[PDB]
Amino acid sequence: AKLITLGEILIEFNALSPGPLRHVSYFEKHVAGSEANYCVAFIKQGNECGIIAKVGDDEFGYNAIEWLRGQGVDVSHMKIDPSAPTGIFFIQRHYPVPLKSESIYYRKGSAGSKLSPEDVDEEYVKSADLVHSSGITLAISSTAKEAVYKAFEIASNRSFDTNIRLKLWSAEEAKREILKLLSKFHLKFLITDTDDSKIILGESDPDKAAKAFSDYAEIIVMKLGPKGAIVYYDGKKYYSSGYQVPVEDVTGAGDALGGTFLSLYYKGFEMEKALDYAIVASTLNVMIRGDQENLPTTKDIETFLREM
């Protein structure tokens, strides 16, 4: 199966030590961005994927290109923008809240925010089994929002990660635009959590949010944080619980789960063991700096499962 994602790839600067950034002197570079992470989680389970994204005509842009190409992602439908730089962010870890991370963005007016419907080619989108994007892509600019509408219009099957970021838009704006997108397009997959349900449906309860969402989405993945996740489908509920592991950086974990779940679905996994495997990938993710560098293959997940 082939996944096509639409969004902004970012270069990540991950603090080498925890604490406020004013006292961190070293930063470790990684390639990330939600849809880039989804792509890699998707191929790791043995499917194919491409990303529609625009990067700058700079080192960070070519870094993102080389990294994803090396991972086996189809990068041939990416664009290079000569008049705008690649977006970046910094990660401050475990401060002021232990176990949590904070993203600090330098993405405004980036090459990535300049993604437009003109970059969404019907001939390519038609080749996909699933077209995926996020609330991040909706939020970064109106051209990128337009690009999601275009791709979703073309798409037979649609996947959406809520991925709300209050640093990119108000909670009210986030509610309005997502409800707007869900109104226009019925989804095969909705990936969200209780934090975003609270913003969108004024509803923190996983069972209630999932019921309010069942009209827009066939299969709903409700992430609970460290506790794990619940999948809702065919009038069933299934809770897959998290694991206790050393937390280095949780950034990337929701995408690791999201991407792994979607890929196993297309490998014919039953819903519950797709989630069980997806939780393994997100568990491993929090253990490291880097959103992508220990996304597990199916065999690695199964090794974990034997011993854990």
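Numbers follow the displayed sequence, beginning with 1.
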Averaging the C-alpha B factors as listed in the entry, name the stretch that ends up higher: 299 to 307 or 3 to 11. 299 to 307
Regarding 160 to 168 and 234 to 242, which shows the higher C-alpha temperature factor on average in the entry? 234 to 242
Highest CA temperature factor in the entry: which of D205, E146, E102, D74? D205
Between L224, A111, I136, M78, which carries the biggest CA temperature factor in the record? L224
Here the Cα B-factor of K198, set against its chain, lands in the third termed highest
Of the three thirds of its chain by CA temperature factor, lowest, middle or highest, which one includes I88? lowest
Third assignment of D255 from its chain's C-alpha B-factors: middle
So, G46's CA B-factor, relative to its chain, sits in which third? The middle
Check where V97 lands among this chain's C-alpha B-factors and tell me if it's the lowest, middle or highest third. lowest
